[PDB]
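All heavy atoms count here, side chains included; hydrogens, waters and symmetry mates do not. A, B, ... follow the sequence lines: proteins, then strands. Residue 1 opens every chain.
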Amino acid sequence: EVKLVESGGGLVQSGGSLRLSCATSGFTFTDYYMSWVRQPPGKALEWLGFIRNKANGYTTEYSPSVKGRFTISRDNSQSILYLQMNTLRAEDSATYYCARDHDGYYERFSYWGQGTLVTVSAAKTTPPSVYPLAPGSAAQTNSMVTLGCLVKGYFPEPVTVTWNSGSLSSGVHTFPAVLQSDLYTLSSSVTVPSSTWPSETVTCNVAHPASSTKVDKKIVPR
Amino acid sequence: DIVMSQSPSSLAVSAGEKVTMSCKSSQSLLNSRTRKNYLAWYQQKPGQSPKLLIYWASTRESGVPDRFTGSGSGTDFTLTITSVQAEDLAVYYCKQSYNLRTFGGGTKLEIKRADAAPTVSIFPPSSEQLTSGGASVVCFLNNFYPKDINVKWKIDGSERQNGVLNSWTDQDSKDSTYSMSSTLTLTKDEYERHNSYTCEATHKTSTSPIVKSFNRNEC
Ligand SMILES: [Mg+2]
Ligand SMILES: [Mg+2]
Ligand SMILES: [Zn+2]
């Protein structure tokens, strides 16, 4: 109900400039402080700064590591939060989260967006090739079958994988991308009942925000 | 600025056991006026966004299990999980709210469990990938424990290590196992010059490798 959605993440070169957004709803925006927090892959959370509420003049505070480099502003009519990043560097590559914050004086509930991923490098944006993984012509093994999808050769991260638009979640393993040169490759497996496949449709849906691409690949027996 | 130190770096227990983890600030987070310690604890399950569990050091946010309790006052704080459940696999972070905000380095909580053999399955290159001049043979190693495991590819009986990409998943939140993915990549011509393809998995659970394979001309 209370939703925080970040966008604007993606690829950018060193020295470059990027602006992130965080659209909201479900609560009266003007009454809350808003925070930005980031997290480099496999590292610790890191507070970047916040923007105060109306009753406190929408003023700002930042952490040293972003001093005079990052700027926080807010569109009070649109209920959107922004984070202006300038003169970017490798260490800035991370997932960026916005969060509803406050004077810790009011009895509140916390909310965070899913975050947007910023990658800093000079590599090029590349859409993935999505391939279906069906069992060999060989014989099966039990009343359950494992199917899969090889999401190969894209840049940068991330890529989101679902099966049958998310209706097939239980029994799904999506493996972390592996970097080989300037390209990422990942896979995802789903195990379902033999009575389900090929009897019914099983499709992996892959999305690549950086390239604005979406691929839906049906797994059909060889 | 306030520095937040967390200990230990990681914990590990079987489902049902109890764990505690430390968080210390470079200064007191006790507000003399509100009589509240501005210390909060967060939980971050893999692939997820941080979730507030406790604030003011002792208060549990509505919806949070009683098994999560926070204590401490001044500079030394503790997060206790009474009876660790498998879904608790996560990195826990404390955060001070006294002056501005700052996070600790986090404490990772892993789950110990009984040994489990991997379920292995191999997939030949798809017809689609082949037309693009490439050829990936994929091997999934699902639901095993512990995380230690070796994968050896063989092509026509001979071992191979050139174009192998491996990837391990985080621990599973339901059953506390691990899964892995191995991908042997070749060009279309190589893949078609050979005939037997094998994926071998060696795991503590057996001295005999779990073997999966296929012949390019099977029927
Ligand atoms: Mg911090
Ligand atoms: Mg699982
Ligand atoms: Zn050869």
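- Annotation: side chain of A:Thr185 is not in contact with side chain of A:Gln180 (no heavy-atom distance under 4.5 Å).
- A:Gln114 and B:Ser49 get closest at one heavy-atom pair: CA-OG, 3.4 Å.
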Next item on the list: Please step through side-chain hydrogen bond (donor to acceptor under 3.5 Å, both in side chains) for the pair A:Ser7 and A:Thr116, ending with a clear verdict.
Entry: CA-CA 6 Å; A:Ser7 53; A:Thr116 190; over 6 Å; no
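- Of all the heavy atoms in A:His208 and A:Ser211, the pair that sits closest is CD2-OG, 2.8 Å.
- In terms of modelled atom types and a separation under 3.5 Å, the side chain of B:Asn215 and the main chain of B:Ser196 share no donor-acceptor contact.
- Taking every heavy atom of both residues into account, B:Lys45 and B:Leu89 meet most closely at CG-O, 3.8 Å.
- With rounding to the nearest 0.5 angstrom, the CG atom of B:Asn150 is 8.0 Å from the CE atom of B:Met180.
- For the pair B:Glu218 (side chain) and A:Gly136 (backbone), a donor-acceptor distance under 3.5 Å is absent.
- When every heavy atom of A:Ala134 is checked against every heavy atom of A:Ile219, the shortest pair comes out as CB-CG2, 4.1 Å.
- Contact of the A:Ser17 side chain with the A:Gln84 side chain is registered, since non-hydrogen atoms from C-beta on lie closer than 4.5 Å.
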Next item on the list: Show the numbers, then the answer: is there a side-chain hydrogen bond (donor to acceptor under 3.5 Å, both in side chains) between A:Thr174 and A:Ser188?
Entry: CA-CA 4 Å; A:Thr174 300; A:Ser188 183; 2.9 Å; yes
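- Formation of a donor-acceptor pair under 3.5 Å by the B:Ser10 side chain with backbone atoms of B:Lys108 is not found in this model.
- Residue B:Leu165 holds its CG atom at 9.0 Å from OG of B:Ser181, rounded to the nearest 0.5 Å.
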Check: Hey, mind stepping through A:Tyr184 and A:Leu186 against side chain to side chain contact (heavy atoms under 4.5 Å, CB included) and telling me if it holds?
Finding: CA-CA 7 Å; A:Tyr184 283 116; A:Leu186 79 55; over 6 Å; no
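- Between A:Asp92 and A:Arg38, at least one side-chain N (NZ, or NE/NH1/NH2) sits under 4.0 Å from a carboxylate O, which counts as a salt bridge.
- When every heavy atom of A:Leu45 is checked against every heavy atom of B:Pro50, the shortest pair comes out as CD1-CG, 3.7 Å.
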Next item on the list: Kindly indicate, with the supporting measurements, whether the criterion side chain to side chain contact (heavy atoms under 4.5 Å, CB included) is fulfilled by B:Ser136 and A:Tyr131.
Entry: CA-CA 10 Å; B:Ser136 300; A:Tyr131 309 123; 5.9 Å; no
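- Using cut-offs of 30° and 60° on the angle between ring planes, the pair A:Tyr33 and A:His102 is parallel.
- Under the 4.5 Å side-chain criterion, counting only non-hydrogen atoms from C-beta, A:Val215 is in contact with A:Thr213.
- Judged purely by atom type and a 3.5 angstrom limit, B:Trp56 uses its side chain to pair as donor or acceptor with the backbone of A:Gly104.
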Checklist line | Full working for side chain to side chain contact (heavy atoms under 4.5 Å, CB included) between B:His203 and B:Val120 | finding: CA-CA 12 Å; B:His203 190 251; B:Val120 193; over 6 Å; no
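- The aromatic rings of B:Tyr93 and B:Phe103 stand perpendicular to each other, their planes meeting at an angle above 60°, with 30° marking the opposite boundary.
- Looking at B:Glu128 and A:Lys217, a side-chain N of the basic residue comes within less than 4.0 Å of a carboxylate O on the acidic one, giving a salt bridge.
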Margin query: Please evaluate residues B:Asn166 and B:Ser182 with respect to the criterion side chain to side chain contact (heavy atoms under 4.5 Å, CB included), reporting the C-alpha separation (whole Å), side-chain torsions for both, the decisive distance (0.1 Å), and the verdict.
Written below: CA-CA 5 Å; B:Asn166 300 316; B:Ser182 187; 2.9 Å; yes
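- Rounding to the nearest 0.5 angstrom, the gap separating the CG atom in B:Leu141 from the OG atom in B:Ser167 is 11.5 Å.
- A:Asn142 places no side-chain N or O within 3.5 Å of a backbone atom of A:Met144 that could act as its donor or acceptor partner.
- A donor-acceptor contact closer than 3.5 angstrom is absent between the side chains of A:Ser194 and A:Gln140.
- Ring planes of A:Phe175 and B:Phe140: parallel class, angle under 30° (limits at 30 and 60°).
- A 4.5 Å side-chain heavy-atom check between B:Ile155 and B:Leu184 finds at least one atom pair inside the cut-off.
- To the nearest 0.5 Å, the span separating CD1 on B:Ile54 from CD on B:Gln43 amounts to 10.5 Å.
- Seen from the ring of B:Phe68, B:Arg60 does not count as a face-on cation partner, given the 6.0 Å and 45° thresholds.
- With hydrogens and angles left out, the side-chain atoms of A:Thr162 and A:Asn205 include a donor and acceptor closer than 3.5 Å.
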Next item on the list: Go through the steps to decide whether A:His173 and B:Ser179 satisfy the test side-chain hydrogen bond (donor to acceptor under 3.5 Å, both in side chains), and finish with yes or no.
Entry: CA-CA 8 Å; A:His173 286 329; B:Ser179 290; 3.2 Å; yes
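- Taking NZ from B:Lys95 and OG from B:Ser25, the interatomic distance works out to 14.0 Å, rounded to the nearest 0.5 Å.
- Within 6.0 Å of the NZ atom in A:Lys3, the count of heavy atoms belonging to other residues, nucleotides or ligands exceeds 12.
- Residue A:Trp163 holds its CH2 atom at 8.0 Å from OG of A:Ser189, rounded to the nearest 0.5 Å.
- Of the possible donor and acceptor atoms, one in the side chain of A:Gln39 sits under 3.5 Å from a partner among the backbone N and O of A:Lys43.
- Between the side chain of B:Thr183 and the backbone N or O of B:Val138, no donor-acceptor pair lies under 3.5 Å.
- Taking the centre and axis of the six-membered ring of A:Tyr111, the NZ or CZ atom of A:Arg100 falls outside the cone set by 45° and 6.0 Å.
- No side-chain heavy atom of A:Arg108 sits under 4.5 Å from any side-chain heavy atom of B:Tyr55.
- Although no hydrogens or angles enter the test, the distance criterion places no donor-acceptor pair under 3.5 Å between the side chain of B:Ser176 and the main chain of B:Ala86.
- Between B:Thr187 and B:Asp189, the side chains place no donor N or O within less than 3.5 Å of an acceptor N or O (distance only, hydrogens not considered).
- Using a 4.0 Å cut-off between charged side-chain N and carboxylate O, B:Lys147 and B:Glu110 make no salt bridge.
- The closest side-chain heavy-atom distance from A:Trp197 to A:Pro135 is below 4.5 Å.
- Between A:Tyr62 and A:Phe70, the ring center distance fails the sub-6.0 Å criterion.
- The nearest pair of heavy atoms linking A:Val161 to A:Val151 is CG2-CG2, 4.3 Å.
- A:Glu6 is not listed as a side-chain neighbour of A:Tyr96, based on a closest heavy-atom distance of 4.5 Å or more.
- Under a 3.5 Å cut-off, the side chain of A:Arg222 and the backbone N or O of B:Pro124 do form a donor-acceptor pair.
- Environment of CG in B:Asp148: sparse, with no more than 12 heavy atoms of neighbouring residues, nucleotides or ligands closer than 6.0 Å.
- Of the possible donor and acceptor atoms, none in the side chain of A:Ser181 sits under 3.5 Å from a partner among the backbone N and O of A:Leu183.
- Taking the side chain as every heavy atom from C-beta outward, A:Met85 and A:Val120 never approach each other to under 4.5 Å.
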Next item on the list: May I have the step-by-step check of side-chain hydrogen bond (donor to acceptor under 3.5 Å, both in side chains) for B:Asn195 and B:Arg216, ending in yes or no?
Entry: CA-CA 5 Å; B:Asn195 294 277; B:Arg216 225 178 66 271; 2.6 Å; yes
